[PDB]
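Chemist:
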Ligand SMILES: [Cl-]
Ligand SMILES: [Cl-]
Ligand SMILES: [Cl-]
Ligand SMILES: [Cl-]
Ligand SMILES: [Cl-]
Ligand SMILES: [Cl-]
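Residue numbers (the deposited numbering), protein chains in the order written: chain A, 1 to 174; chain B, 1 to 174; chain C, 1 to 174; chain D, 1 to 174; chain E, 1 to 174; chain F, 1 to 174.
Dropping the structure here:
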């Protein structure tokens with residue numbers, strides 16, 4: 001079949017298609033998180049913007065994987081995309097906890113694919129993940145952890161005040 | 001009589017004059033709200049500015065209706081303007097609640113005039129309201145709802161602190 | 001009560017609130033005059049613009065009085081606003097005569113408040129009126145008088161011609 | 001037949017073709033009006049320019065309808081274009097009266113097509129007319145009405161003087 | 001419940017959520033179409049770019065609907081997203097035929113929601129669709145129809161040549 | 001009658017009015033040709049643009065004749081405008097053949113009027129045609145002939161391919 005494919009296992013090809021589904025799932029989760037914080041009865045603009053930006057980031061990660069799949073001569077295969085785990089996301093703290101859980105699941109999927117690529121002696125795949133995904137994920141998880149700590153310190157006995165202040169003074173808004 | 005009037009019912013003409021009175025009433029309400037928050041014993045500059053801007057907006061809406069009345073060949077008729085419902089407006093929360101009530105009453109008057117225009121097969125009137133009023137009102141009511149949520153979250157057990165913080169960190173001031 | 005109020009009589013405070021009502025009444029009168037001259041069966045654009053500008057000027061005068069009321073520690077109190085004296089304003093000459101009458105009534109109210117301020121030994125009030133109102137009114141009444149003379153000279157036996165020419169060659173239009 | 005046509009009735013398609021004929025008729029009427037006022041024995045340059053501009057406007061309206069007909073998958077069908085109603089157009093007043101009559105006939109045709117579109121549940125057609133035709137027509141009829149009033153006021157007992165003055169001081173010329 | 005919701009039916013709210021699912025489905029379909037034409041054994045860059053741009057457009061339409069849902073005080077509810085109808089999309093002609101079918105299904109959903117909004121006397125919804133969706137869809141379907149005609153004329157007896165030429169000389173590429 | 005007319009025969013005056021009708025007929029023919037090539041089932045943008053430009057050119061020629069008629073003191077007289085000869089224009093080749101036929105008929109009318117002007121010893125008319133019409137027509141007919149030759153060479157056994165290529169590589173498009 002493929003005129004270009006070289007050193008690209010069927011196992012890696014399938015795992016890349018699965019990883020695309022995971023990233024598009026994550027993008028959809030962030031879309032939902034974003035619009036929840038835009039509700040008039042929630043109304044935390046900086047929180048909305050934070051998650052909308054992540055929805056775009058995860059979309060872009062999926063696109064990069066798809067580009068790479070074609071560069072290697074694999075075939076993109078798309079599956080249904082499950083809806084996010086919740087319809088309502090609670091407080092900023094609840095939301096940021098759910099986001100860290102989601103990011104750790106993406107990071108583990110990256111690490112798992114690196115293990116497979118390594119076992120298949122596929123250095124192009126391994127360096128692709130190293131160069132465009134692993135550090136991006138470490139940096140984002142650090143950021144989220146920083147945010148969680150600041151959110152947690154602001155709860156005190158005045159949760160509403162703290163949630164407002166975090167949105168106003170840490171998160172980016174107009 | 002009119003050399004230009006075409007497809008413009010007497011019912012619509014009268015309802016437009018009434019709507020002008022409603023908008024000028026609303027402008028006057030906002031003038032009063034604005035100067036209340038400028039009192040030395042109230043002194044919330046961002047709140048003052050918010051309502052003064054709305055007084056100008058409602059004035060402008062009345063002017064647009066009057067322009068349209070002449071464009072269609074109707075006759076502007078002005079009636080007395082009642083004073084606002086209160087002389088003192090309480091807290092920012094009280095004020096923002098009164099403002100949302102006022103805006104919903106203007107929105108219902110717009111919707112009622114759209115019903116009449118539709119029934120009179122007056123598409124110029126219907127598109128005039130759609131193009132220059134309905135979405136402006138939806139956007140403003142959303143904004144006010146967002147504000148109400150943030151005000152409410154800041155009350156906690158420290159109402160003065162929360163009222164200060166909202167004025168400082170959400171509303172526009174010098 | 002007031003933490004800032006000093007040398008500010010209740011009599012002056014009330015008279016300022018009344019003067020605000022007079023200026024907003026005058027603004028409303030000019031709004032009506034303006035839209036009358038915008039009628040397709042009247043259609044004197046320069047006349048329309050002249051009165052619309054005065055509606056804005058009178059609004060601004062009311063706002064300045066309200067600002068001053070708060071600066072002195074008085075309390076703004078708003079009353080109903082009566083509608084203008086006429087629904088239709090006749091010729092440019094009729095309109096300019098009504099405007100001069102209106103301006104002389106505002107000027108007399110200014111002068112009356114100056115008398116009260118003087119009697120109450122309130123030099124801040126007296127200089128406020130001198131600096132921001134008295135000369136503005138003298139200048140406007142002179143302008144209107146100039147206009148009345150030119151309108152009157154153009155009536156001749158050809159009233160329509162003269163009314164057109166005055167609008168075209170004295171008043172500001174596009 | 002058509003690969004793109006959706007929700008586009010034969011009735012609307014035919015009425016659009018008729019409306020194109022009406023607009024091109026109107027354009028031709030304005031061409032004739034324009035060149036009449038360019039005659040050396042008429043010689044009212046501002047009047048000539050006014051009508052030549054309207055000939056272009058009506059041409060453009062016909063072109064927009066034709067574009068829309070193709071966008072919806074209808075078929076443009078052209079019919080003969082009748083010549084204007086007069087060869088000589090009388091005074092500026094006669095001409096402006098004929099123009100208002102013409103514009104009211106175009107406005108009624110627009111309104112009639114809106115009724116048909118509404119009855120056919122064709123919201124694209126209805127919004128097309130609302131967005132690009134109805135307000136343009138209301139604005140033009142208001143302008144013409146304004147002009148008629150000023151022309152009429154200038155007739156007096158000196159018709160030639162008034163006709164000159166209107167052309168010089170209201171209408172655009174070099 | 002909602003502090004802002006006014007004249008916004010539960011029926012419209014649900015239909016908007018369904019329409020979001022339809023637009024995100026369409027975006028996913030275009031993502032798949034785009035990456036198919038990027039395959040080394042397909043390799044039609046202009047075709048790839050055409051569909052990738054549409055994936056972004058449909059995403060943006062879904063985002064606009066979600067924004068509007070919150071502006072009106074409805075609640076966004078997300079459902080699973082089905083995968084596209086095909087894994088391989090055939091020729092440019094096959095692909096463009098599938099795209100027109102997809103667009104006509106989105107257009108019918110828009111028209112159906114307009115019918116519901118009209119029946120619910122919801123003019124804000126109706127004008128929202130008119131202003132941001134209906135004409136965009138008519139323009140896109142016209143474009144696709146134009147493309148289909150040119151593709152079809154190029155098939156002749158030399159399908160590969162024609163498919164190359166269309167991609168090179170009609171579609172945008174680097 | 002005319003204060004300016006000199007050396008301008010009634011025969012020339014009438015022939016100029018007829019020539020205006022011919023040019024406006026030709027403009028209408030080109031309008032129809034243009035919109036035919038804009039049909040979604042025809043879709044040859046460069047061909048559409050070619051004929052739309054000619055519709056404008058022929059309109060302008062009619063306007064120049066009308067200007068000249070007034071400059072000489074003749075009287076413009078407009079007649080009904082017949083619709084174009086066809087509703088559907090076939091292939092680019094069919095269309096370009098019809099256009100050359102049309103242009104040769106305009107050229108012969110120009111030449112015929114030059115004969116009349118010459119016989120009437122009307123050098124202003126003769127030079128007017130020489131300076132603004134005769135060479136423009138020769139240049140356009142040469143262009144059309146060039147186009148016909150290239151269209152004809154591209155028919156071969158692959159008519160659709162050739163028609164596409166001509167539109168793409170000879171005619172001006174976006
Ligand atoms: Cl699920
Ligand atoms: Cl009252
Ligand atoms: Cl009264
Ligand atoms: Cl006729
Ligand atoms: Cl499925
Ligand atoms: Cl015929």
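Note that the Cβ used here is the ideal one computed from N, Cα and C, for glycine as well.
Cβ of residue 79 of chain C less than 8 Å from any chain B Cβ?
Modeler: Contacts with chain B at 8 Å (Cβ-Cβ) include residue 79 of chain C.
Chemist: Give the C-beta separation of residue 8 of chain B and residue 72 of chain B to the nearest angstrom, bearing in mind that I take them to be a contact with Cβ-Cβ under 8 Å.
Modeler: 4 Å
Chemist: Between residue 83 of chain D and ligand 6, is there a pair consisting of the residue's CB and a ligand heavy atom that are separated by less than 7 Å?
Modeler: no
Chemist: Can you tell me whether DSSP reads residue 77 of chain E as helix, strand or coil?
Modeler: coil
Chemist: Assign residue 47 of chain E to buried or exposed, taking buried as 16 or more other Cβ atoms, counted over all protein chains shown, within 10 Å of its Cβ.
Modeler: Buried.
Chemist: Which residue from E:68, E:163, E:87, E:60 puts its Cα closest to that of residue 34 of chain E?
Modeler: Here the closest residue by C-alpha is E:87.
Chemist: Taking only beta carbons into account, state which residues of the region 61-73 of chain D come closer than 7 Å to chain C, listed in chain order.
Modeler: Flagged: no residues at all.
Chemist: Would you say the beta carbon of residue 80 of chain B is closer than 7 Å to some non-hydrogen atom of ligand 3?
Modeler: yes
Chemist: On the three-state DSSP scale, how would you describe residue 171 of chain F?
Modeler: Here residue 171 of chain F sits in coil by DSSP.
Chemist: Counting only beta-carbon atoms, is residue 120 of chain D nearer than 8 Å to chain E?
Modeler: Closer than 8 Å: no.
Chemist: Buried or exposed: residue 152 of chain A, going by 16 or more other Cβ atoms within 10 Å of its Cβ?
Modeler: exposed
Chemist: Hey, is residue 18 of chain B's beta-carbon within less than 8 Å of any beta-carbon in chain C?
Modeler: no
Chemist: By the criterion of Cβ-Cβ separation under 9 Å, what are the contact partners of residue 28 of chain D in chain F?
Modeler: 24, 78, 81
Chemist: Could one say the Cβ of residue 7 of chain B lies closer than 8 Å to chain D's Cβ atoms, at least one of them?
Modeler: yes
Chemist: Determine, for residue 140 of chain B, whether the minimum Cβ-Cβ distance to residues of chain A falls below 8 Å.
Modeler: It does not; no Cβ of chain A falls within 8 Å.
Chemist: Is the CB-CB distance between residue 69 of chain A and residue 62 of chain A below 8 Å?
Modeler: no
Chemist: Is DSSP giving residue 123 of chain A helix, strand or coil here?
Modeler: helix
Chemist: Are the CB atoms of residue 40 of chain A and residue 6 of chain E nearer to each other than 8 Å?
Modeler: no
Chemist: I'd like to know whether the C-beta atoms of residue 134 of chain B and residue 81 of chain C end up nearer to each other than 8 Å.
Modeler: no
Chemist: Beta-carbon within less than 7 Å of residue 15 of chain A's beta-carbon, same chain only, minus the 5 sequence neighbours each way: which residues are those?
Modeler: 113, 116
Chemist: Using the beta-carbon count (16 or more within 10 Å), is residue 111 of chain C buried or exposed?
Modeler: Looking at its Cβ environment, which holds fewer than 16 other Cβ atoms inside 10 Å, residue 111 of chain C is exposed.
Chemist: Taking the Cβ atom as the reference point for each residue, do residue 66 of chain D and residue 30 of chain D lie within a distance shorter than 8 Å?
Modeler: no
Chemist: Kindly indicate if chain D contains any beta-carbon less than 8 Å away from that of residue 127 of chain B.
Modeler: Yes, residue 127 of chain B lies at the interface with chain D (some Cβ there is under 8 Å from its Cβ).
Chemist: Can you give me the start and stop residues for the alpha helix (DSSP H) that residue 70 of chain B sits inside?
Modeler: 45-72
Chemist: Nearest to residue 146 of chain B by CA position, among A:43, A:13, A:59, is which residue?
Modeler: For the residues A:43, A:13, A:59, the minimum Cα distance to residue 146 of chain B belongs to A:43.
Chemist: Under the three-state reduction of DSSP, which class applies to residue 91 of chain B: helix, strand or coil?
Modeler: coil
Chemist: Straight-line CA distance for residue 137 of chain D to residue 57 of chain D?
Modeler: 11 Å
Chemist: What does residue 145 of chain D reach in chain C if we use C-beta pairs closer than 8 Å?
Modeler: 40, 41, 43
Chemist: Under 8 Å between the Cβ atoms of residue 140 of chain A and residue 96 of chain A?
Modeler: no
Chemist: Quick check on residue 132 of chain E - is its C-beta less than 8 Å from some C-beta in chain B?
Modeler: Put simply, the CB of residue 132 of chain E is far from chain B, with every gap to its CB atoms at 8 Å or more.
Chemist: Quick one: is residue 114 of chain E near chain B, going by C-beta distance under 8 Å?
Modeler: no
Chemist: Under a Cβ-count criterion, where at least 16 other Cβ atoms within 10 Å of its own Cβ denotes burial, should residue 94 of chain D be classed as buried or exposed?
Modeler: By the neighbour-count rule (16 or more Cβ atoms within 10 Å), residue 94 of chain D is not buried but exposed.
Chemist: To the nearest angstrom, how far is the alpha carbon of residue 168 of chain E from that of residue 37 of chain E?
Modeler: 14 Å
Chemist: If you draw a straight line from the alpha carbon of residue 101 of chain B to that of residue 25 of chain B, how long is it in whole angstroms?
Modeler: 14 Å
Chemist: Going by other Cβ atoms of all chains shown within 10 Å of its Cβ, with 16 needed for buried, is residue 84 of chain D buried or exposed?
Modeler: buried
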